[PDB]
Structure formats: C-alpha cells, structure tokens
Amino acid sequence: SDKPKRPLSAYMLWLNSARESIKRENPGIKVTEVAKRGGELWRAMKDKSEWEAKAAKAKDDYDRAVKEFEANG
C-alpha cells in the first residue's frame, strides 16, 4: 500500500472536508487566512465529536497499516 492516512487533529479533518468549499466561497484566500476562517465554521457547524472520534479510527487503521507502508524497504 502507499502512505496511509496519517493521524491528525480533529479541526483538521473538517478542514479537509471544507478545503474545497473553503477556497470556492473564498477569493483564493491565502493558506494563512484559510485557517482563520476555517476556525469559525469549525465551531459554527455542528460539533467536533464527529472528526475528533474519526481521528481515533485513522489511528487504529494507521498504526497497523503504516507497518505495511514501512514494509516497502
């Protein structure tokens, strides 16, 4: 397999689910101003338990899969 979905922060998972809808509604906003606004929708949407818990899942499928990813010496 290739590089597995590395584990990250919850606010990040949502950042990926809104990265496309973020640059669209935004004027090609810079990556530095993309996080300042991404923090408003993140806490203005529903909650974090969605992504946060989701990160754990990648964790299990990440420690076990990375091995396969690292077994390509």
# chains A, B, ... in the order shown; residues from 1 in each chain; ligands from 1

$ select_by_dssp --residues "chain A" --states "alpha helix (DSSP H)" --output "ChimeraX atom specification"
/A:10-25,31-44,49-70

$ write_last_selection --atoms "C-alpha atoms" --output "short mmCIF file (atom, residue, chain, number, x, y, z; two decimals), in the first residue's frame"
data_model
loop_
_atom_site.label_atom_id
_atom_site.label_comp_id
_atom_site.auth_asym_id
_atom_site.auth_seq_id
_atom_site.Cartn_x
_atom_site.Cartn_y
_atom_site.Cartn_z
CA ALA A 10 -9.98 16.93 14.54
CA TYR A 11 -10.18 20.57 13.42
CA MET A 12 -8.02 19.32 10.54
CA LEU A 13 -10.37 16.53 9.39
CA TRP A 14 -13.09 19.16 8.97
CA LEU A 15 -10.52 21.43 7.29
CA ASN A 16 -10.21 18.77 4.56
CA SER A 17 -13.99 18.36 4.21
CA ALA A 18 -14.22 22.14 3.74
CA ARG A 19 -10.93 22.86 1.94
CA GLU A 20 -12.74 22.76 -1.42
CA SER A 21 -15.86 24.58 -0.21
CA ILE A 22 -13.48 26.98 1.56
CA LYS A 23 -11.42 28.09 -1.44
CA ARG A 24 -14.59 28.28 -3.58
CA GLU A 25 -16.64 30.69 -1.45
CA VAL A 31 -3.38 29.41 3.26
CA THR A 32 -2.67 31.67 6.26
CA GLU A 33 -6.14 33.26 6.13
CA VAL A 34 -7.77 29.90 5.30
CA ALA A 35 -7.26 28.67 8.88
CA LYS A 36 -8.51 31.89 10.50
CA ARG A 37 -11.85 31.47 8.70
CA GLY A 38 -11.85 27.65 8.91
CA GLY A 39 -11.93 28.09 12.71
CA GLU A 40 -15.25 29.99 12.53
CA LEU A 41 -17.15 27.32 10.56
CA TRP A 42 -15.44 24.55 12.56
CA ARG A 43 -17.04 25.82 15.79
CA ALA A 44 -20.07 27.23 13.93
CA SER A 49 -17.07 14.69 18.29
CA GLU A 50 -17.59 13.91 14.59
CA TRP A 51 -14.00 14.42 13.43
CA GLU A 52 -12.30 14.05 16.83
CA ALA A 53 -13.59 10.47 17.19
CA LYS A 54 -12.89 9.97 13.47
CA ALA A 55 -9.21 10.69 14.17
CA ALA A 56 -9.09 7.74 16.58
CA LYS A 57 -10.28 5.41 13.80
CA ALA A 58 -7.45 6.50 11.48
CA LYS A 59 -5.23 5.85 14.50
CA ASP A 60 -6.05 2.14 14.64
CA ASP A 61 -6.00 1.76 10.83
CA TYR A 62 -2.86 3.94 10.88
CA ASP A 63 -0.58 2.10 13.34
CA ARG A 64 -1.48 -1.22 11.75
CA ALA A 65 -1.31 -0.05 8.10
CA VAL A 66 1.79 2.16 8.34
CA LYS A 67 3.66 -1.07 9.09
CA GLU A 68 2.67 -2.28 5.60
CA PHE A 69 3.65 1.21 4.39
CA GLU A 70 7.01 0.85 6.11
#

$ atom_distance --atom1 "atom CA of residue A:48" --atom2 "atom CA of residue A:4"
22.6 Å
